[PDB]
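Below: the structure, in structure tokens.
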Amino acid sequence: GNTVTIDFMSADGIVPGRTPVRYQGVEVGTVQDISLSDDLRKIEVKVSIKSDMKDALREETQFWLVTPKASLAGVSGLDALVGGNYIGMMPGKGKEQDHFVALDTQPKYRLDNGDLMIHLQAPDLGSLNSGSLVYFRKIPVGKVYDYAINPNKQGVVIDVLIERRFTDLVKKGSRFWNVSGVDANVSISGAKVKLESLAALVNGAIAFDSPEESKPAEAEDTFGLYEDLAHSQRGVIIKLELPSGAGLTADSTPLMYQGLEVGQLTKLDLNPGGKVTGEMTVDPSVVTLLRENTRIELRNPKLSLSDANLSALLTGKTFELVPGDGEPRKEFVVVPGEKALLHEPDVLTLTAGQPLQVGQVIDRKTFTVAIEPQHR
Amino acid sequence: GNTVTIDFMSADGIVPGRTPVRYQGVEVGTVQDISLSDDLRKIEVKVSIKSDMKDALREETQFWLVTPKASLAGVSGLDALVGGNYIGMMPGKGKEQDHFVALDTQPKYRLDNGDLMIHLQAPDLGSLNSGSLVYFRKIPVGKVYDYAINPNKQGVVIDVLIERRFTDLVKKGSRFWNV
């Protein structure tokens with residue numbers, strides 16, 4: 001038997017007789033006494049310890065009181081209800097100490113086995129409580145270990161755990177995205193609402209994808225979290241100088257080609273001087289078409305006399321791809337749909353959208369007009 | 001009486017006196033002692049075993065701690081609340097071993113009877129937790145046994161169970177769909 005004095009702010013359901021000290025549940029000893037000093041909440045608990053553990057008892061040895069927790073966010077009364085309020089400890093590699101302060105709660109502990117620990121940077125936590133679950137193809141393969149705030153106040157650093165048997169799945173190019181919370185997915189001419197699983201909503205969750213070819217990540221390698229699966233899409237980025245984003249929306253405006261969506265505007269910002277600039281994501285399958293003399297034009301939903309297309313009207317403005325030939329390029333200037341004929345590799349320009357059809361008027365003031373290259 | 005040393009990462013609600021070792025509930029023995037070595041979470045549990053089971057005690061004999069689970073996803077405290085925290089075991093056809101490591105949780109076990117086991121390929125799991133139910137015309141006829149990831153990272157392999165009395169219902173052309 002030994003003696004250790006621990007300082008407690010509070011000592012709720014503790015009796016000197018039976019408060020068996022546990023280290024992952026193995027009894028290290030029992031409390032000898034509970035008392036207080038000068039009525040200042042310095043609840044001194046004298047504890048008996050088996051001499052086998054006495055050697056490891058050092059300065060960094062942490063202690064805490066476990067307790068049943070039937071609160072709104074807590075179920076950790078699995079053992080305290082049956083075995084009573086015990087206390088938990090963690091040995092430390094300090095030098096030595098006999099007078100201690102109990103930690104307020106149970107601290108997070110690291111398993112010594114071979115697992116993987118990695119860091120996610122995120123501007124915000126989202127609905128990711130400690131214990132939220134990590135998925136690969138909706139198969140749980142690890143969980144959230146802890147979260148904290150980087151020294152700068154402009155971000156959040158989460159550190160998460162991955163089981164041994166899946167340590168190969170995490171690559172350098174692997175992408176993580178949040179899956180948590182539930183919304184409505186309203187679409188025109190019909191709608192359906194399926195987002196996530198019940199646990200994913202109660203607790204929050206993460207999912208991740210691994211490229212086939214990348215190398216395996218390791219050793220607390222940082223990663224970036226994407227707020228949604230859509231933002232995690234692997235597509236190429238394109239910078240756009242715009243006339244004006246009257247109808248444009250940062251994540252709803254698509255890119256058309258051959259009638260199909262290939263790209264999605266991502267960012268839409270105002271630069272000083274009144275200039276508007278955006279950036280867009282494109283599927284790789286079309287990136288080879290992005291070359292010099294490749295023009296991008298904002299189309300407008302037209303009031304077709306023949307095929308009254310409601311969806312086009314509802315969607316509003318939309319871009320268009322029209323491939324060209326030349327060197328690859330990544331910066332583009334968007335042209336108005338009216339002036340599409342003007343910004344062409346071959347066009348007959350002469351010196352307001354009226355036809356000529358073999359051509360169209362470009363502008364008035366003096367009349368500037370254009371003729372197609374094939375009719376040239 | 002025998003002696004078996006099992007390594008536990010943690011040993012929460014266990015007492016040396018009454019922690020009856022069960023194999024589908026039949027008591028195989030009781031824990032003799034719980035202790036630790038060099039303070040490195042190698043919780044050594046010495047266990048007494050009835051000699052009848054001693055022969056089958058081999059290398060592949062698995063062990064685990066059952067526990068009440070009132071968490072968000074768990075109801076498996078039906079017996080641990082009444083009978084207390086026991087431990088479960090599965091015999092193995094190894095050679096022999098005396099020092100063991102307890103499995104973290106209760107592993108999935110296969111009934112020896114005549115049932116059917118089949119594999120579903122799916123690019124994603126969906127909301128199919130272990131225990132999700134298999135229907136024929138909304139009549140349950142089997143359940144999900146387990147799920148795993150194929151060696152390629154481009155899919156998921158579920159393996160599922162079908163009761164004996166419906167083994168005739170599954171045909172080569174039969175189609176499965178998620179609900």
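Yes or no: the stretch A:183-190 includes at least one residue that is over 25 Å from A:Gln121 (Cα atoms), of a type in the set (A, V, I, L, M, F, W, C), surrounded by 15 or more Cβ atoms within 10 Å (Cβ to Cβ) and out of contact with any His (no Cβ under 9 Å at 6 or more places or on another chain).
No, every residue in the stretch A:183-190 fails to be over 25 Å from A:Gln121 (Cα atoms), of a type in the set (A, V, I, L, M, F, W, C), surrounded by 15 or more Cβ atoms within 10 Å (Cβ to Cβ) and out of contact with any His (no Cβ under 9 Å at 6 or more places or on another chain).
Mind checking which pairs have a first residue in the stretch B:76-101 that is under 20 Å from B:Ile43 (Cβ atoms) and a second that is acidic (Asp, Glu), Cβ under 8 Å, 6 or more apart or different chains?
Filtered contacts from the stretch B:76-101: B:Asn85/B:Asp12; B:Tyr86/B:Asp79; B:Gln97/B:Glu59; B:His99/B:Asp7; B:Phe100/B:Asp7; B:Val101/B:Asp7.
Only one of these conditions is not met by A:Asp124: (1) of a type outside the set (S, T, N, Q); (2) farther than 28 Å from B:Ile158 by Cβ; (3) out of contact with any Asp or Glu (no Cβ under 9 Å at 6 or more places or on another chain). Which number is it?
Only one criterion is unmet by A:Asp124, namely (3).
Here is a yes/no grid of residues against (1) closer than 22 Å to A:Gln121 by Cα; (2) of a type in the set (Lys, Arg):
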position: A:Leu133; (1), (2): yes, no
position: A:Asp168; (1), (2): yes, no
position: A:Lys171; (1), (2): yes, yes
position: A:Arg175; (1), (2): yes, yes
position: A:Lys192; (1), (2): no, yes
position: A:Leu201; (1), (2): yes, no
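Could you please let me know if B:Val28 is closer than 23 Å to A:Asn85 by Cα and in contact with a helix residue (DSSP H, G or I) (Cβ under 9 Å, 6 or more places away or on another chain)?
So B:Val28 fails the test.
Residue check: is B:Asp124 within 14 Å of chain A (Cβ to nearest Cβ) and either in contact with a helix residue (DSSP H, G or I) (Cβ under 7 Å, 6 or more places away or on another chain) or charged (D, E, K, R) (or both)?
Yes: the conditions hold for B:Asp124.
Residue-wise test of (1) within 20 Å of A:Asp168 (Cα to Cα); (2) away from every other protein chain (no Cβ under 14 Å).
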position	(1), (2)
B:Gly131	no, no
B:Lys138	no, yes
B:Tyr145	no, yes
B:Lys153	yes, no
B:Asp159	no, no
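Determine if the stretch B:81-92 includes at least one residue that is assigned to a loop (DSSP other than H, G, I, E, B), within 12 Å of another protein chain (Cβ to nearest Cβ) and out of contact with any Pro (no Cβ under 6 Å at 6 or more places or on another chain).
Looking for residues that are assigned to a loop (DSSP other than H, G, I, E, B), within 12 Å of another protein chain (Cβ to nearest Cβ) and out of contact with any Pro (no Cβ under 6 Å at 6 or more places or on another chain), one finds at least one in the stretch B:81-92, hence yes.
So which strands (runs of 3 or more DSSP E) stay within the stretch B:130-179 end to end and still have 1 or more residues that are of a type in the set (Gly, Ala, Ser) and surrounded by fewer than 13 Cβ atoms within 10 Å (Cβ to Cβ)?
B:139-148
Can you spot a residue in the stretch A:152-163 that is within 24 Å of B:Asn150 (Cα to Cα) and of a type outside the set (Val, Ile, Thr)?
Taking every residue of the stretch A:152-163 in turn, at least one turns out to be within 24 Å of B:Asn150 (Cα to Cα) and of a type outside the set (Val, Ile, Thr).
Residue by residue, here is whether (1) crowded, with 17+ Cβ neighbours inside 10 Å; (2) more than 22 Å from B:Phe8 (Cα to Cα); (3) of a type in the set (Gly, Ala, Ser) holds:
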residue: A:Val4; (1), (2), (3): yes, yes, no
residue: A:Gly17; (1), (2), (3): no, yes, yes
residue: A:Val31; (1), (2), (3): yes, yes, no
residue: A:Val47; (1), (2), (3): yes, yes, no
residue: A:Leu57; (1), (2), (3): yes, no, no
residue: A:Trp64; (1), (2), (3): yes, no, no
residue: A:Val82; (1), (2), (3): no, no, no
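Out of the residues in the stretch A:343-376 that are outside any strand (DSSP E or B) and of a type in the set (S, T, N, Q), state the one that is nearest to A:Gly324 (Cα to Cα).
In this case the residue turns out to be A:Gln374.
Which of the residues spanning the stretch A:184-213 are within 11 Å of chain B (Cβ to nearest Cβ), touching a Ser or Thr at 6+ places or on another chain (Cβ under 8 Å) and assigned to a loop (DSSP other than H, G, I, E, B)?
Passing the criteria: A:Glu196, A:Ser197, A:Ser210, A:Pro211.
Look at A:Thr366 and say whether it is over 30 Å from A:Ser252 (Cα atoms) and loosely packed, with under 14 Cβ neighbours inside 10 Å.
It is true that A:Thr366 is over 30 Å from A:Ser252 (Cα atoms) and loosely packed, with under 14 Cβ neighbours inside 10 Å.
Values in this text are rule-based calculations from the coordinates and carry no lab data. Don't worry about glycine lacking a Cβ; one is built from the backbone with ideal geometry, like all the others, and counts go over all protein chains shown.
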